[PDB]
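> Residue numbers (my numbering), protein chains in the order written: chain A, -5 to 219; chain B, 24 to 139; chain C, 12 to 141; chain D, -18 to 296; chain E, 1205 to 1349; chain F, 106 to 231; chain G, 13 to 394.
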Amino acid sequence: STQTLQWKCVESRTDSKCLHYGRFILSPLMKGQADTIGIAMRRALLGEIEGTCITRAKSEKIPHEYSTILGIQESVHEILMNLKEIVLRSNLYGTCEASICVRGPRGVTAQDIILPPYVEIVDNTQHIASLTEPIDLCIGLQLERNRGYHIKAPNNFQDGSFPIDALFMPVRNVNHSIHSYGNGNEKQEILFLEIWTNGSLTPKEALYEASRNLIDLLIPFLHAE
Amino acid sequence: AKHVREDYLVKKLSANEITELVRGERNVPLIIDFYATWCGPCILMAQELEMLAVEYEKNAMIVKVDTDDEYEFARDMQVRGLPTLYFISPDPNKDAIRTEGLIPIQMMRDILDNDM
Amino acid sequence: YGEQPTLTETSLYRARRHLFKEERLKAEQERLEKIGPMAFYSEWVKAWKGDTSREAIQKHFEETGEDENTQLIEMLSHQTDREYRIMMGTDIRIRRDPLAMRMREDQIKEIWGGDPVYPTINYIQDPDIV
Amino acid sequence: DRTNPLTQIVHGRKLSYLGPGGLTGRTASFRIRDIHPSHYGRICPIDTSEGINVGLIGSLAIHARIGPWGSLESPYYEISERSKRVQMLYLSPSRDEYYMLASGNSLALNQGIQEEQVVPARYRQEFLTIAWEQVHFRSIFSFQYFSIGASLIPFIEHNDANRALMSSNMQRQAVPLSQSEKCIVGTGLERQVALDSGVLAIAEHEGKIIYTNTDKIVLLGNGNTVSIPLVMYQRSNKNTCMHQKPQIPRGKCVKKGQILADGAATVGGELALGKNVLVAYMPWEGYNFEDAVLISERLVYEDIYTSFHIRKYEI
Amino acid sequence: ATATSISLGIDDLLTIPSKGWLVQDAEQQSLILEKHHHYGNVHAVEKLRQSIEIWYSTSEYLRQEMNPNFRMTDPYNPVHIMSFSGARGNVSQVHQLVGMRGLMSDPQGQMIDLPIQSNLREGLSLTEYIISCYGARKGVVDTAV
Amino acid sequence: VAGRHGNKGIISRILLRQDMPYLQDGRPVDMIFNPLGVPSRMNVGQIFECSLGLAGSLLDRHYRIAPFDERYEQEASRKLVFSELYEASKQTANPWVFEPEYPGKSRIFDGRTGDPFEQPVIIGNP
Amino acid sequence: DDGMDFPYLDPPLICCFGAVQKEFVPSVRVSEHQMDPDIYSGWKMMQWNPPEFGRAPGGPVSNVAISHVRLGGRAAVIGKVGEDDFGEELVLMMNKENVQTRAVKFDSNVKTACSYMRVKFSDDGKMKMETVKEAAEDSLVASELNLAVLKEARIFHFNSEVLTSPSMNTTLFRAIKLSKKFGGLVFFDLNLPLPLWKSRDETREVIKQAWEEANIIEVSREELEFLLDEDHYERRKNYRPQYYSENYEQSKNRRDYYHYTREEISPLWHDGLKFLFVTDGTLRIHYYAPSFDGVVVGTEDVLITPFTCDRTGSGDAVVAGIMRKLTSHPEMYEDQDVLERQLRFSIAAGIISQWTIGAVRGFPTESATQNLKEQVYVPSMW
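(1) Counting only beta-carbon atoms, is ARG104 of chain C nearer than 8 Å to chain E?
(2) Using alpha carbons as the reference points, say which of D:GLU171, D:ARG7, D:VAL258 and D:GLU78 lies closest to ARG105 of chain D.
(3) For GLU178 of chain F, which residues of its own chain have a beta-carbon under 7 Å away from its beta-carbon, when the five flanking residues on both sides are left out?
(4) How about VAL141 of chain C: is its C-beta nearer than 8 Å to some C-beta of chain F?
(5) Residue range of the beta strand (DSSP E) that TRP1 of chain A falls in?
(6) Quick one: which residues of the region 145 to 158 of chain F get their C-beta closer than 9 Å to a C-beta of chain E? List them in chain order.
(7) Closer than 8 Å is the cut-off here; do at least three beta carbon pairs connect the region 126 to 139 of chain F with the region 244 to 264 of chain D?
(8) Hey, how far is the Cα of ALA1205 of chain E from the Cα of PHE214 of chain F?
(9) If you count every other CB in all the chains shown that lies within 10 Å of the CB of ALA104 of chain A, and 16 or more means buried, which is it?
(10) To be precise: take each residue of the region 1245 to 1270 of chain E, compare its Cβ to all Cβ atoms of chain C, and keep it if any distance is under 8 Å. Which residues remain?
(11) Since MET68 of chain B meets chain D, which of its residues come closer than 7 Å, beta carbon to beta carbon?
(12) For the ligand ZN, I want to know if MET147 of chain F counts as a neighbour, meaning its beta carbon is within less than 7 Å of at least one of the ligand's heavy atoms.
(13) For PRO138 of chain C, which residues in chain D fall below 7 Å Cβ to Cβ?
(14) At a Cβ threshold of 8 Å, is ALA125 of chain G touching chain B?
(15) In the DSSP assignment, find the alpha helix (DSSP H) that holds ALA67 of chain C and state where it starts and stops.
(16) List the residues of chain D whose Cβ lies closer than 8 Å to the Cβ of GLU175 of chain F, in chain order.
(17) List the residues of chain D whose Cβ lies closer than 7 Å to the Cβ of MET74 of chain B, in chain order.
(18) Would the region 95 to 107 of chain B and the region 95 to 105 of chain G be scored as touching if the rule is three or more Cβ pairs under 8 Å?
(19) Could you check what DSSP says for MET1315 of chain E in three-state terms: helix, strand or coil?
(20) From this set, D:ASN194, D:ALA245, D:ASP284 and D:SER288, which residue's C-alpha is nearest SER124 of chain A's C-alpha?
(21) Could you tell me which uninterrupted alpha helix (DSSP H) segments, each at least 4 residues in length, are contained entirely in the region 225 to 286 of chain D, listed from first to last along the chain?
(22) Name the residue from C:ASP137, C:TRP123 and C:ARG107 whose alpha carbon lies nearest to the alpha carbon of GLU34 of chain C.
(23) Relative to chain B, which residues along the region 370 to 384 of chain G have a C-beta separation below 7 Å, given in chain order?
(24) Quick check on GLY39 of chain D: buried or exposed, where buried means 16 or more other Cβ atoms within 10 Å of its Cβ?
(25) Could you compute how far the alpha carbon of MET47 of chain G sits from the alpha carbon of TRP55 of chain G?
(26) If you reduce the DSSP assignment to three classes, tell me which class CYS126 of chain G lands in.
(27) Can you pull the chain D residues whose beta carbon is under 9 Å from the beta carbon of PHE222 of chain F, in chain order?
(28) Grouping DSSP H, G and I as helix and E and B as strand, with all else coil, what is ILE297 of chain G?
(29) According to a CB-to-CB cut-off of less than 7 Å, which residues of the region 64 to 92 of chain A neighbour chain D?
(30) Residues of chain F with CB under 7 Å from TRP123 of chain C, in chain order?
(31) If we ignore side chains and look at the alpha-carbon of each, how far apart do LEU21 of chain G and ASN39 of chain B end up?
(32) Can you check which of these residues, D:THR110, D:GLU187 and D:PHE127, is closest to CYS1337 of chain E by C-alpha distance?
(33) For residue 305 of chain D and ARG36 of chain A, what's the separation of their Cα atoms in angstroms?
(34) When the Cα atoms are used, what is the spatial distance from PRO113 of chain B to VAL207 of chain D?
(35) Let me confirm a value: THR8 of chain A is counted as buried when at least 16 other C-beta atoms fall within 10 Å, else exposed. Which label applies?
(36) With a cut-off of 8 Å, does the C-beta of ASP1278 of chain E fall near any C-beta of chain C?
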């Protein structure tokens, strides 16, 4: 009889290519609903959305992880560490392959990656390698889409296939607040949400996926048995 | 003595040596630093001059004068404050430059490059 | 009793803090009923030179279908991050007493007794220096 | 001991009553295991060795110096109405107890004269409170009565002196992590510890950095060209890596003695044995009972605490 | 113990209100007596026998007034709950953070003239901290003996 | 894992980021200590550092403080810490950094209930 | 110049005329002790034991203005800068700290802090220098004087450096005439440059015209004994009786804090003077008025922080505090008790200003100055 539930986006800043922020508001929520919505949405956003990333890097003519290469200022382990931060997008479950074959004194960035048709990078200037002298540099990579943090074994040696324990975190941070509405006798409350993502997704999409994963999870009970 | 490198590059010269340097023939810009030990801001000036003397390896000559030793000579050079630098052109046609205060090193570079 | 609190008044307010805090919070909540959410949540939303009163809100609702829920949402759309972060103190479960989030800088500086005599610029470094 | 740059420095400055021609841990009395009122400017009073040999092995004060005749000396500022030239002297224990060494301040004014204000002092082997007019010497250094380990504790004046021993002893067991990070709050002595640890690579000549590779740095200055080889990966006596890293890029200049390359747990020109982490003090579920900590997953997938250990098997 | 939660800040170490007067008055009698001691009014033993007695009486008066202060003004102070409930922390131990640590002892017996008139919250001075190290050493030459 | 003030510890559990208390800006806590350890060992010097660390993390500045700063003033460390906290709370609009009713403390929430722990908790960056 | 509608703001404005410079120490003499010509790591030992003229060394007028505005007052600066990067950064530094720059004139003819001289080898082989082109700071003409700062400002403050250049002599005298026509006081600071430390008679001839126009004068202890008699006032200081002391204080060989009588400073006194201040560093401040005189007692401490102590800029803070309390409290002129009470704020500011490296980096705040004043002085004094 009094008002209807409304939700809207009140702010969205693009601080950088791989960092996006978004604040949202909900309208006349009666008691108890706001806390449940806020806590469920925070948990879902922190641990339900899935984001693809590089999981295994294969290099040519390299003995081990802690080795040096002529003409490269960055050690191999440094290259793995720098390679873990590359952000990617996809929507299909399954592992894929990728490669990077670059010449010598260039300076290698994230735009030098070669990607399958359905995978694209979001930032295009993330430093991944620095080159000084002319040496042909060829590295193969594997891309995977999982949920949450996963740790992999060092198996599948080949010449060298170093597995990077990539973190599947598309949402950097989440916050919420439950204010008061002062609706006379009836106690209403205003709920504010706040999402920081890393550019793999965007607000109003991470929120969508996080709501849908939750409504996935709550569902078995509706069926009888 | 060629075995261990000198910690400080700026060489302290007396008044007469400075007179000989200015009077005699030169081919590189000359820097004259006025300083005293009791001086407050002169430690920073000494550090900046030491840094500047490394970038300009052989293209400039940097010397310093202690006003506690040569006071009348410093007074004659129209010095009215301790953190003072004198830029001397390698040619007698161009006039000298007097800079007062704790000037930044970049302006010093501009002074002895674009004006000397 | 006089101009400055005495050592007994302070040690008594230390015992009865929560009563005064509850009175302040009750007054702040009671303000919402008369004022209305629209005008109450406008002190922290600067750069919205509207009406903020539940007399012309009804006039706007008669002019356009927006009720006293979409005008509030519209004002809460030019808030800026800092103003929202400060406004969050009126949260239903944080409950900052109104006196705390409105004290002047002079009053807050008296908690530790003014600036330090030894300047803090001697301690401050830069996290990106060698 | 090469666990971390701190331990290399700490090991060199040690004193012990043990060894040939000295006392042992069994036939040592209890008075020899106490702080005499003379190990003040010379021997740290809160850094010793726990166990049976307690009070027999200690460290040196930061400003301490072995003077003539093998006597430890400490600096003190002489107060006299002549203004000689250098007002600081290196006092020996024999000349220490016959002077009145103030440790107070001149920030106190009464309706009379300032020279009758009272400050604590140290005459003979006691602690008096005297007027400013009968003060012969005045210690002015904060890092004068402590050692290297005890001077790395911020706000040490707020910690009980009982805990200082183990606060100092738990910094020599730190593991140099893979990537280092500087401390937000410190005492300012980390810079000199890093300088003197020997882990760094300091320039021995002037000039410009004309070549850098992650195996070497080549500098050109005053004609000759100097090559400095870096330490890429090595093994410590306690099975820990020692990984250096260049600091200044190509083309820039360095004076003598300035830093050229970093080292293990030495980000910047400063010592760095740990990481800054958000912390909340609260009993969570009994999982922090007694002295238990409850860390999060963020410390294991961002490599916040991750170190390389190299073991040497010889056959 | 979680839902309620407890923590130790800087303003929860609640020094009793009357310490401002007692320490000031204790300093006055130490100033007057040490000023008359130079006039020949009193001898050395009397000066020694009093500088030990003001700071012992004052310190033991703050300690006995700690709980009545806590139990009436701030019954739920985190330091009070931790110690009064018997979980962890003696009355003497709380007195070190709140109150006075005065009258430490020289290793060969005997008290030291200089009293530690500052908390651990306020922060000891250089001479006061060094005095507190005398009792620090004979805390580890005891656990090993 | 050990601090610089003699507060040692044994890691007991490792929790996912969604299962830990978060401040009023949503940032999950990275480590949880036991408060009772402070009255026992009597090392208050950590708490100061704790609070001060927070200020640094919110101001991009590092402090190099010599010991025994209580010679210039009375309770000088308190002035330093509280002034830095207020400056960090004012320059960056985070009114939870310096709560002017229990300075240095703030009311954190529960990571698995969305409820505020009933009493304010001291947080920092040690 | 009469354009205004509403009354002026609460803190009266201060007029700061001179040259804008960064970290400048005018007063230079021959120090007896030197600490190594190369190693600057040990030069700080000359800050614990100053050469008795750099005990509280004053600096440029911009430093005084910055210290005054940082103490809770309001100041404006008149000067000229070049169209350089240094000139554009000096005004930025002054603007960042609420110093009004409405009267700072930018010009392109001359360069900031750079003056062109010429080598003029004389008889024998002693070189000389003659100013061919003047520096930007000392190139202000009377036409470009902001006739709004002068009208509003209630105290006109300038230092003796402007007396070393020809054009600024006329410009300064014109500004003084304008300010006096508008009813403002004249504050004279005697931070003597090096060339003015040559002889007493020449300096007295040089500064007489400016001295006779001043309403308030502030000089150091050495800048007064130099102006009256250096040899006599140095022989009087180092004197101990051959047989027996006189009272008892003479039997303790304490430092010499001599309060000059009104018959010794009479040659430096005139009818228009309202105050004469002689500062022995931050230790003591002797104040002389038309009807009374006295000494305010203070202290100093640079060994409290031996590694971050730098006496440069303390005199500017002392003068700025004096001006701030003069403008805030207008009853100090004829009340000795209020005068003594309000003159300890300046001492506290001067004490704080010596605890950090850099003249402008660590000027104290008003709250910090009040805190130190209350912590050092007994409640009866403060």
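Built from N, CA and C at the ideal position, the CB exists for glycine as well.
Checking against the coordinates, here is how it stands:
(1) Not one chain E Cβ lies under 8 Å of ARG104 of chain C.
(2) Comparing alpha carbon positions, the residue from D:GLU171, D:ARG7, D:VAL258 and D:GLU78 closest to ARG105 of chain D is D:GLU78.
(3) Correct list, in chain order: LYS184.
(4) No - not a single Cβ of chain F is within 8 Å of the one on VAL141 of chain C.
(5) Element bounds for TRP1 of chain A: 1 to 10.
(6) Within the region 145 to 158 of chain F, the residues whose Cβ lies closer than 9 Å to some Cβ of chain E are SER145, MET147, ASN148, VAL149, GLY150, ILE152, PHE153 and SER156, listed in chain order.
(7) Enough Cβ pairs lie closer than 8 Å, so yes.
(8) One Cα belongs to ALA1205 of chain E, the other to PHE214 of chain F, and the distance between them is close to 15 Å.
(9) Only buried fits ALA104 of chain A, as 16 or more other CB atoms lie within 10 angstroms of its CB.
(10) The region 1245 to 1270 of chain E vs chain C, Cβ under 8 Å: nothing.
(11) Residues of chain D whose Cβ lies closer than 7 Å to the Cβ of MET68 of chain B do not exist; the shortest such Cβ separation is about 15 Å.
(12) Here there are no bound small molecules, and the ligand ZN is not part of this structure.
(13) By Cβ distance, chain D contributes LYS163.
(14) By the rule that beta-carbons nearer than 8 Å mark a contact, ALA125 of chain G touches chain B.
(15) For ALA67 of chain C, the enclosing alpha helix (DSSP H) starts and ends at 67 to 74.
(16) In chain order: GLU138.
(17) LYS236, listed in chain order.
(18) The way I'd put it, the region 95 to 107 of chain B doesn't touch the region 95 to 105 of chain G; fewer than three beta-carbon pairs between them come closer than 8 Å.
(19) The DSSP-derived three-state label of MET1315 of chain E is strand.
(20) If you compare the alpha carbons of D:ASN194, D:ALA245, D:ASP284 and D:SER288 with that of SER124 of chain A, the shortest gap goes to D:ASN194.
(21) Those alpha helix (DSSP H) runs which fall completely within the region 225 to 286 of chain D and span 4+ residues are 279 to 282.
(22) It is C:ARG107.
(23) Under the 7 Å Cβ criterion, the region 370 to 384 of chain G contributes no residue.
(24) Of the residues assessed, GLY39 of chain D falls on the buried side of the cut-off, its CB having 16 or more other CB atoms within 10 angstroms.
(25) If I take the Cα positions, the gap works out to 6 Å.
(26) Strand.
(27) Residues of chain D whose Cβ lies closer than 9 Å to the Cβ of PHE222 of chain F are, in chain order, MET263.
(28) Strand.
(29) Identification of residues in the region 64 to 92 of chain A having a C-beta nearer than 7 Å to some C-beta of chain D yields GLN67 and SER69, given in sequence order.
(30) Counting only Cβ-Cβ distances below 7 Å, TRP123 of chain C has contacts in chain F at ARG183, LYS184, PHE187 and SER188, in chain order.
(31) Answer to the nearest angstrom: the Cα atoms are 58 Å apart.
(32) Put simply, of D:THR110, D:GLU187 and D:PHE127 the residue whose alpha carbon is nearest the alpha carbon of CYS1337 of chain E is D:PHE127.
(33) Residue numbering for chain D in the displayed model covers -18 to 296; residue 305 of chain D lies beyond these limits and cannot be assessed.
(34) So the two alpha carbons sit approximately 32 Å from each other.
(35) The residue is exposed, with fewer than 16 neighbouring Cβ atoms inside 10 Å.
(36) Yes, contact with chain C.
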